[PDB]
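Data block for coords.tsv (TSV, C-alpha atoms):
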```
chain	number	residue	atom	x	y	z
A	1	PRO	CA	0.00	0.00	0.00
A	2	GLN	CA	0.86	3.65	0.21
A	3	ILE	CA	0.71	4.86	3.84
A	4	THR	CA	0.36	8.58	4.52
A	5	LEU	CA	1.87	9.89	7.75
A	6	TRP	CA	-0.89	12.03	9.21
A	7	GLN	CA	-1.50	9.26	11.70
A	8	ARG	CA	1.01	6.85	13.28
A	9	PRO	CA	1.72	4.11	10.75
A	10	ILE	CA	0.43	1.22	12.80
A	11	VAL	CA	-0.11	-2.05	10.94
A	12	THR	CA	-1.19	-5.63	11.72
A	13	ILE	CA	1.56	-8.19	11.89
A	14	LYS	CA	1.17	-11.89	12.34
A	15	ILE	CA	3.98	-13.45	14.34
A	16	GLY	CA	4.35	-16.86	15.98
A	17	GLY	CA	0.61	-17.55	15.43
A	18	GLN	CA	-0.58	-14.28	17.01
A	19	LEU	CA	-1.89	-11.12	15.25
A	20	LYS	CA	-0.46	-7.88	16.64
A	21	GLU	CA	-0.27	-4.16	15.94
A	22	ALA	CA	3.14	-2.62	15.36
A	23	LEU	CA	4.52	0.82	14.34
A	24	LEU	CA	6.39	1.12	11.00
A	25	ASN	CA	9.39	2.99	12.37
A	26	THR	CA	12.08	4.13	9.97
A	27	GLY	CA	14.00	5.70	12.90
A	28	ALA	CA	14.48	2.17	14.35
A	29	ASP	CA	17.24	-0.04	13.08
A	30	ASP	CA	15.77	-3.25	14.53
A	31	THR	CA	12.36	-4.71	15.15
A	32	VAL	CA	11.30	-4.97	18.81
A	33	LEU	CA	8.18	-6.78	19.99
A	34	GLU	CA	6.47	-7.06	23.37
A	35	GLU	CA	5.06	-10.35	24.68
A	36	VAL	CA	5.54	-13.08	22.06
A	37	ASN	CA	6.98	-16.58	22.80
A	38	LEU	CA	9.00	-17.61	19.80
A	39	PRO	CA	10.35	-21.11	19.30
A	40	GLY	CA	14.00	-21.90	18.58
A	41	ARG	CA	17.32	-20.49	19.82
A	42	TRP	CA	18.03	-16.91	20.69
A	43	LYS	CA	20.99	-14.87	21.83
A	44	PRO	CA	20.86	-11.99	24.34
A	45	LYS	CA	21.23	-8.57	22.76
A	46	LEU	CA	21.65	-5.14	24.33
A	47	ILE	CA	19.51	-2.37	22.78
A	48	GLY	CA	18.78	1.22	23.75
A	49	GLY	CA	21.88	2.82	25.39
A	50	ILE	CA	20.41	6.08	26.65
A	51	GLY	CA	20.10	5.70	30.49
A	52	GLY	CA	21.35	2.17	30.32
A	53	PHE	CA	20.82	-0.69	27.93
A	54	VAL	CA	17.79	-2.98	27.70
A	55	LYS	CA	18.50	-6.68	27.30
A	56	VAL	CA	16.28	-8.54	24.82
A	57	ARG	CA	16.19	-11.89	23.06
A	58	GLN	CA	17.32	-11.94	19.41
A	59	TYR	CA	15.72	-14.58	17.20
A	60	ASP	CA	16.91	-14.62	13.57
A	61	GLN	CA	15.21	-15.75	10.38
A	62	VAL	CA	11.85	-15.42	11.97
A	63	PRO	CA	8.71	-15.77	9.72
A	64	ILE	CA	6.48	-12.72	10.05
A	65	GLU	CA	3.62	-11.32	8.04
A	66	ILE	CA	3.57	-7.52	7.94
A	67	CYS	CA	0.52	-6.15	6.33
A	68	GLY	CA	0.06	-9.33	4.28
A	69	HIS	CA	3.69	-9.65	3.20
A	70	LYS	CA	5.38	-12.83	4.39
A	71	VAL	CA	8.98	-12.12	5.13
A	72	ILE	CA	11.85	-13.46	7.19
A	73	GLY	CA	13.84	-11.32	9.61
A	74	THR	CA	15.52	-10.86	12.93
A	75	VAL	CA	13.03	-10.08	15.67
A	76	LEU	CA	14.09	-8.78	19.08
A	77	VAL	CA	11.81	-9.82	21.97
A	78	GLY	CA	11.39	-8.15	25.38
A	79	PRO	CA	10.14	-4.96	27.14
A	80	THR	CA	9.05	-2.12	24.80
A	81	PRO	CA	6.70	0.94	25.25
A	82	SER	CA	5.27	-0.11	21.84
A	83	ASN	CA	5.75	-2.91	19.22
A	84	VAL	CA	8.15	-1.58	16.56
A	85	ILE	CA	8.82	-2.75	12.99
A	86	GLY	CA	12.32	-1.46	12.23
A	87	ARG	CA	14.19	-0.87	8.95
A	88	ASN	CA	15.50	-4.40	9.00
A	89	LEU	CA	11.99	-5.73	8.29
A	90	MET	CA	10.84	-2.77	6.16
A	91	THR	CA	13.57	-3.66	3.67
A	92	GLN	CA	12.32	-7.26	3.47
A	93	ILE	CA	8.78	-6.14	2.56
A	94	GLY	CA	10.17	-3.66	-0.01
A	95	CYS	CA	9.04	-0.60	1.98
A	96	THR	CA	10.50	2.66	0.78
A	97	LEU	CA	9.97	6.34	1.71
A	98	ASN	CA	8.58	8.39	-1.22
A	99	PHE	CA	7.97	12.07	-2.02
B	1	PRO	CA	12.87	10.54	-4.34
B	2	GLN	CA	12.37	6.96	-3.32
B	3	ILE	CA	14.47	6.13	-0.22
B	4	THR	CA	15.24	2.50	0.55
B	5	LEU	CA	15.73	1.57	4.20
B	6	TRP	CA	18.91	-0.48	4.18
B	7	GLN	CA	20.67	2.51	5.65
B	8	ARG	CA	19.31	5.15	8.07
B	9	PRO	CA	17.29	7.63	6.03
B	10	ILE	CA	19.37	10.68	6.76
B	11	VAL	CA	18.74	13.72	4.57
B	12	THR	CA	19.96	17.33	4.27
B	13	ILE	CA	17.65	19.97	5.61
B	14	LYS	CA	18.11	23.69	5.39
B	15	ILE	CA	16.76	25.53	8.40
B	16	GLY	CA	17.21	29.11	9.62
B	17	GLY	CA	20.06	29.63	7.09
B	18	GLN	CA	22.01	26.50	8.12
B	19	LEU	CA	22.27	23.14	6.28
B	20	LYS	CA	21.90	20.10	8.55
B	21	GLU	CA	21.48	16.34	8.45
B	22	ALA	CA	18.34	14.85	9.95
B	23	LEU	CA	16.73	11.36	10.19
B	24	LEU	CA	13.38	10.77	8.41
B	25	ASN	CA	11.64	9.15	11.37
B	26	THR	CA	8.11	7.85	10.91
B	27	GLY	CA	8.10	6.65	14.55
B	28	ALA	CA	8.36	10.33	15.67
B	29	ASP	CA	5.29	12.48	15.84
B	30	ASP	CA	7.20	15.78	15.93
B	31	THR	CA	10.37	17.19	14.48
B	32	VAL	CA	13.21	17.80	16.95
B	33	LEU	CA	16.42	19.63	16.09
B	34	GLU	CA	19.67	20.21	17.98
B	35	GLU	CA	21.45	23.57	17.98
B	36	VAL	CA	19.56	26.03	15.75
B	37	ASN	CA	18.64	29.63	16.77
B	38	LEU	CA	15.30	30.40	15.22
B	39	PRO	CA	13.78	33.87	15.16
B	40	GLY	CA	10.29	34.69	16.43
B	41	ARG	CA	8.19	33.52	19.38
B	42	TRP	CA	8.17	30.07	20.87
B	43	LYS	CA	6.33	28.26	23.62
B	44	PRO	CA	7.87	25.65	25.96
B	45	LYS	CA	6.82	22.10	25.19
B	46	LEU	CA	7.41	18.86	27.10
B	47	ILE	CA	8.47	15.88	24.94
B	48	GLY	CA	9.72	12.40	25.75
B	49	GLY	CA	8.02	11.07	28.94
B	50	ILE	CA	10.04	7.91	29.55
B	51	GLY	CA	12.34	8.69	32.57
B	52	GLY	CA	11.08	12.22	32.73
B	53	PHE	CA	10.17	14.79	30.13
B	54	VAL	CA	12.53	16.95	28.08
B	55	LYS	CA	11.61	20.61	27.74
B	56	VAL	CA	12.10	22.13	24.28
B	57	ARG	CA	11.13	25.28	22.40
B	58	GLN	CA	8.23	24.97	19.94
B	59	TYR	CA	8.32	27.32	16.95
B	60	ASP	CA	5.38	27.02	14.54
B	61	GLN	CA	5.08	27.75	10.84
B	62	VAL	CA	8.78	27.49	10.41
B	63	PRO	CA	10.22	27.50	6.81
B	64	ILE	CA	12.37	24.43	6.22
B	65	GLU	CA	13.76	22.74	3.15
B	66	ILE	CA	13.86	18.95	3.44
B	67	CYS	CA	15.62	17.34	0.60
B	68	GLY	CA	14.83	20.27	-1.69
B	69	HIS	CA	11.17	20.58	-0.70
B	70	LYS	CA	10.28	23.92	0.87
B	71	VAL	CA	7.65	23.39	3.49
B	72	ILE	CA	6.29	25.03	6.61
B	73	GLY	CA	5.96	23.22	9.92
B	74	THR	CA	6.32	23.17	13.65
B	75	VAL	CA	9.92	22.60	14.70
B	76	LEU	CA	10.88	21.70	18.27
B	77	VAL	CA	14.32	22.97	19.37
B	78	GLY	CA	16.55	21.65	22.18
B	79	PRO	CA	18.64	18.63	23.33
B	80	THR	CA	18.40	15.53	21.08
B	81	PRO	CA	20.72	12.46	20.53
B	82	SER	CA	20.07	13.10	16.79
B	83	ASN	CA	18.19	15.63	14.55
B	84	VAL	CA	14.78	14.10	13.74
B	85	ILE	CA	12.27	14.90	10.98
B	86	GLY	CA	8.94	13.65	12.35
B	87	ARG	CA	5.63	12.78	10.66
B	88	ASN	CA	4.44	16.33	11.03
B	89	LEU	CA	6.99	17.47	8.42
B	90	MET	CA	6.92	14.27	6.33
B	91	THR	CA	3.26	14.98	5.60
B	92	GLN	CA	4.10	18.50	4.39
B	93	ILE	CA	6.63	17.18	1.85
B	94	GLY	CA	4.16	14.49	0.69
B	95	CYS	CA	6.27	11.62	2.09
B	96	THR	CA	4.50	8.30	2.20
B	97	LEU	CA	5.55	4.72	3.09
B	98	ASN	CA	5.22	2.33	0.10
B	99	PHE	CA	5.43	-1.43	-0.51
```

Represent the structure of the file as structure tokens.
Amino acid sequence: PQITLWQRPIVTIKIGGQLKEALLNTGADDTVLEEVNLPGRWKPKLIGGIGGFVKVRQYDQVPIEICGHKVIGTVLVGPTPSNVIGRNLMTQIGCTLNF
Amino acid sequence: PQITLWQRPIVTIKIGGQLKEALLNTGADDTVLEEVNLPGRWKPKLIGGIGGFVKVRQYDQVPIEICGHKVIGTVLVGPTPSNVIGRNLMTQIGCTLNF
């Protein structure tokens, strides 16, 4: 689709058998999601950095549907003020900025 | 242009007679810029909210060129880890998300 930016660009994602809402956030490098139990191995990753770091679990090559596009990408899982789709997954769905 | 998201979408902005770099950030409601002295009246605004708020100066109807597009928009001025173009200015330049 083409998403105008008058409102927050919140979209439905399907991940690990759950549907969720997440923000399409081009100011985020990585994708961070709140409350999802994903199968397979993870490694700990530090994110944030302002005030301290936040530790999260990094699962790679994760199947995720963003707005009806089935893609594969690193998802970071742990505490977040909001679910965020970062650039890493926006590239996989072919999402560009246009004007 | 069409901006792919493999790298951070950093663009040149011209504001109050200076050229600057800022991030096109669709996860930011407002536009926040570091070190710029803008003429005219402002009001104090609280932004952030996690850990505390950050006080900044809000100047409205500010002339700004983003990537060669001359637009008018509210700019918030004060301390920021990076210069951020928020949705408020992305709408003015006609910037959408596309996939």

Dump as CSV the rows for residues of chain A within 7 Å of chain B: closest atom pair and distance in Å with one decimal, only C-alpha atoms counted, ordered by chain and rising residue number.
```
residue,atom,partner,partner_atom,distance
A:1,CA,B:99,CA,5.6
A:2,CA,B:98,CA,4.6
A:3,CA,B:97,CA,4.9
A:4,CA,B:96,CA,4.8
A:5,CA,B:87,CA,5.6
A:6,CA,B:91,CA,6.2
A:23,CA,B:27,CA,6.8
A:24,CA,B:27,CA,6.8
A:25,CA,B:27,CA,4.5
A:26,CA,B:25,CA,5.2
A:27,CA,B:25,CA,4.5
A:87,CA,B:5,CA,5.6
A:90,CA,B:5,CA,6.8
A:91,CA,B:5,CA,5.7
A:93,CA,B:99,CA,6.5
A:94,CA,B:99,CA,5.3
A:95,CA,B:99,CA,4.5
A:96,CA,B:4,CA,4.7
A:97,CA,B:3,CA,4.9
A:98,CA,B:2,CA,4.6
A:99,CA,B:95,CA,4.5
```

Which of these residues is nearest to residue 41 of chain B, using only C-alpha atoms: B:62, B:21, B:68, B:55?
-> B:62

In Å to one decimal, how far is atom CA of residue 54 of chain B from atom CA of residue 78 of chain A?
-> 25.3 Å

Transformed chain A, reference chain B, in-order C-alpha pairing, as a PDB file with C-alpha atoms, keeping the file's coordinate frame:
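Written out: part-v1.pdb:
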```
ATOM      1  CA  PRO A   1      12.872  10.537  -4.338  1.00  0.00           C
ATOM      2  CA  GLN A   2      12.368   6.958  -3.319  1.00  0.00           C
ATOM      3  CA  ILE A   3      14.470   6.132  -0.226  1.00  0.00           C
ATOM      4  CA  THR A   4      15.242   2.495   0.549  1.00  0.00           C
ATOM      5  CA  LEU A   5      15.730   1.579   4.202  1.00  0.00           C
ATOM      6  CA  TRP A   6      18.907  -0.479   4.179  1.00  0.00           C
ATOM      7  CA  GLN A   7      20.667   2.517   5.651  1.00  0.00           C
ATOM      8  CA  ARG A   8      19.316   5.155   8.064  1.00  0.00           C
ATOM      9  CA  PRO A   9      17.282   7.634   6.032  1.00  0.00           C
ATOM     10  CA  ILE A  10      19.378  10.683   6.760  1.00  0.00           C
ATOM     11  CA  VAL A  11      18.742  13.722   4.567  1.00  0.00           C
ATOM     12  CA  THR A  12      19.962  17.329   4.269  1.00  0.00           C
ATOM     13  CA  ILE A  13      17.651  19.976   5.610  1.00  0.00           C
ATOM     14  CA  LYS A  14      18.108  23.689   5.391  1.00  0.00           C
ATOM     15  CA  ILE A  15      16.753  25.535   8.405  1.00  0.00           C
ATOM     16  CA  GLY A  16      17.212  29.109   9.620  1.00  0.00           C
ATOM     17  CA  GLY A  17      20.058  29.622   7.089  1.00  0.00           C
ATOM     18  CA  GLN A  18      22.007  26.502   8.123  1.00  0.00           C
ATOM     19  CA  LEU A  19      22.271  23.136   6.280  1.00  0.00           C
ATOM     20  CA  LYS A  20      21.903  20.105   8.550  1.00  0.00           C
ATOM     21  CA  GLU A  21      21.482  16.339   8.455  1.00  0.00           C
ATOM     22  CA  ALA A  22      18.338  14.852   9.950  1.00  0.00           C
ATOM     23  CA  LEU A  23      16.732  11.368  10.193  1.00  0.00           C
ATOM     24  CA  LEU A  24      13.378  10.775   8.420  1.00  0.00           C
ATOM     25  CA  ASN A  25      11.631   9.152  11.368  1.00  0.00           C
ATOM     26  CA  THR A  26       8.112   7.849  10.910  1.00  0.00           C
ATOM     27  CA  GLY A  27       8.101   6.655  14.558  1.00  0.00           C
ATOM     28  CA  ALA A  28       8.362  10.331  15.660  1.00  0.00           C
ATOM     29  CA  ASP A  29       5.284  12.478  15.836  1.00  0.00           C
ATOM     30  CA  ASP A  30       7.203  15.777  15.930  1.00  0.00           C
ATOM     31  CA  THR A  31      10.371  17.189  14.476  1.00  0.00           C
ATOM     32  CA  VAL A  32      13.212  17.800  16.954  1.00  0.00           C
ATOM     33  CA  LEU A  33      16.424  19.627  16.088  1.00  0.00           C
ATOM     34  CA  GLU A  34      19.664  20.209  17.982  1.00  0.00           C
ATOM     35  CA  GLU A  35      21.455  23.574  17.983  1.00  0.00           C
ATOM     36  CA  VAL A  36      19.568  26.027  15.754  1.00  0.00           C
ATOM     37  CA  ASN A  37      18.639  29.627  16.775  1.00  0.00           C
ATOM     38  CA  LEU A  38      15.299  30.397  15.228  1.00  0.00           C
ATOM     39  CA  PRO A  39      13.785  33.865  15.162  1.00  0.00           C
ATOM     40  CA  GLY A  40      10.292  34.686  16.423  1.00  0.00           C
ATOM     41  CA  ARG A  41       8.191  33.516  19.384  1.00  0.00           C
ATOM     42  CA  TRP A  42       8.165  30.071  20.869  1.00  0.00           C
ATOM     43  CA  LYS A  43       6.334  28.253  23.620  1.00  0.00           C
ATOM     44  CA  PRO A  44       7.872  25.651  25.959  1.00  0.00           C
ATOM     45  CA  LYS A  45       6.820  22.096  25.191  1.00  0.00           C
ATOM     46  CA  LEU A  46       7.408  18.865  27.093  1.00  0.00           C
ATOM     47  CA  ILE A  47       8.473  15.883  24.941  1.00  0.00           C
ATOM     48  CA  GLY A  48       9.717  12.394  25.743  1.00  0.00           C
ATOM     49  CA  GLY A  49       8.022  11.071  28.942  1.00  0.00           C
ATOM     50  CA  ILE A  50      10.036   7.918  29.557  1.00  0.00           C
ATOM     51  CA  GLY A  51      12.336   8.690  32.573  1.00  0.00           C
ATOM     52  CA  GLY A  52      11.081  12.219  32.727  1.00  0.00           C
ATOM     53  CA  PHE A  53      10.166  14.795  30.138  1.00  0.00           C
ATOM     54  CA  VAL A  54      12.534  16.954  28.087  1.00  0.00           C
ATOM     55  CA  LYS A  55      11.608  20.611  27.741  1.00  0.00           C
ATOM     56  CA  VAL A  56      12.103  22.132  24.280  1.00  0.00           C
ATOM     57  CA  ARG A  57      11.138  25.274  22.403  1.00  0.00           C
ATOM     58  CA  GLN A  58       8.233  24.975  19.938  1.00  0.00           C
ATOM     59  CA  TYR A  59       8.325  27.318  16.953  1.00  0.00           C
ATOM     60  CA  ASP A  60       5.380  27.012  14.538  1.00  0.00           C
ATOM     61  CA  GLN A  61       5.079  27.748  10.835  1.00  0.00           C
ATOM     62  CA  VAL A  62       8.778  27.485  10.410  1.00  0.00           C
ATOM     63  CA  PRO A  63      10.219  27.500   6.809  1.00  0.00           C
ATOM     64  CA  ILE A  64      12.373  24.435   6.216  1.00  0.00           C
ATOM     65  CA  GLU A  65      13.759  22.745   3.150  1.00  0.00           C
ATOM     66  CA  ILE A  66      13.864  18.956   3.439  1.00  0.00           C
ATOM     67  CA  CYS A  67      15.624  17.332   0.604  1.00  0.00           C
ATOM     68  CA  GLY A  68      14.821  20.263  -1.696  1.00  0.00           C
ATOM     69  CA  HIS A  69      11.167  20.579  -0.698  1.00  0.00           C
ATOM     70  CA  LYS A  70      10.278  23.916   0.869  1.00  0.00           C
ATOM     71  CA  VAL A  71       7.652  23.398   3.486  1.00  0.00           C
ATOM     72  CA  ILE A  72       6.286  25.034   6.606  1.00  0.00           C
ATOM     73  CA  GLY A  73       5.961  23.222   9.923  1.00  0.00           C
ATOM     74  CA  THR A  74       6.328  23.165  13.654  1.00  0.00           C
ATOM     75  CA  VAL A  75       9.918  22.602  14.706  1.00  0.00           C
ATOM     76  CA  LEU A  76      10.883  21.700  18.270  1.00  0.00           C
ATOM     77  CA  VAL A  77      14.320  22.968  19.368  1.00  0.00           C
ATOM     78  CA  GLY A  78      16.547  21.654  22.180  1.00  0.00           C
ATOM     79  CA  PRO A  79      18.640  18.630  23.325  1.00  0.00           C
ATOM     80  CA  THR A  80      18.398  15.528  21.078  1.00  0.00           C
ATOM     81  CA  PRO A  81      20.717  12.461  20.523  1.00  0.00           C
ATOM     82  CA  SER A  82      20.074  13.103  16.788  1.00  0.00           C
ATOM     83  CA  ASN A  83      18.184  15.626  14.552  1.00  0.00           C
ATOM     84  CA  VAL A  84      14.776  14.097  13.741  1.00  0.00           C
ATOM     85  CA  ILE A  85      12.269  14.906  10.980  1.00  0.00           C
ATOM     86  CA  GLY A  86       8.945  13.650  12.347  1.00  0.00           C
ATOM     87  CA  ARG A  87       5.632  12.776  10.655  1.00  0.00           C
ATOM     88  CA  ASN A  88       4.444  16.330  11.025  1.00  0.00           C
ATOM     89  CA  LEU A  89       6.990  17.470   8.416  1.00  0.00           C
ATOM     90  CA  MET A  90       6.915  14.269   6.326  1.00  0.00           C
ATOM     91  CA  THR A  91       3.252  14.976   5.601  1.00  0.00           C
ATOM     92  CA  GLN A  92       4.092  18.495   4.387  1.00  0.00           C
ATOM     93  CA  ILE A  93       6.632  17.178   1.852  1.00  0.00           C
ATOM     94  CA  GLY A  94       4.161  14.485   0.698  1.00  0.00           C
ATOM     95  CA  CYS A  95       6.271  11.618   2.086  1.00  0.00           C
ATOM     96  CA  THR A  96       4.496   8.296   2.201  1.00  0.00           C
ATOM     97  CA  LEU A  97       5.553   4.720   3.085  1.00  0.00           C
ATOM     98  CA  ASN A  98       5.226   2.332   0.100  1.00  0.00           C
ATOM     99  CA  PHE A  99       5.426  -1.429  -0.510  1.00  0.00           C
TER     100      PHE A  99
END
```

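Distance-wise, atom CA of residue 44 of chain A and atom CA of residue 31 of chain A end up 14.5 Å apart.
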
Pairwise distance for atom CA of residue 60 of chain B and atom CA of residue 30 of chain B, rounded to one decimal in Å = 11.5 Å

Non-local contacts of residue 42 of chain B (8 Å; all atoms listed in the file; under 4 positions in same chain excluded) as a PDB file with C-alpha atoms, in the frame of the given file:
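out.pdb was written with the following content:
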```pdb
ATOM      1  CA  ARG B  57      11.130  25.280  22.400  1.00  0.00           C
ATOM      2  CA  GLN B  58       8.230  24.970  19.940  1.00  0.00           C
ATOM      3  CA  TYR B  59       8.320  27.320  16.950  1.00  0.00           C
ATOM      4  CA  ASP B  60       5.380  27.020  14.540  1.00  0.00           C
TER       5      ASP B  60
END
```
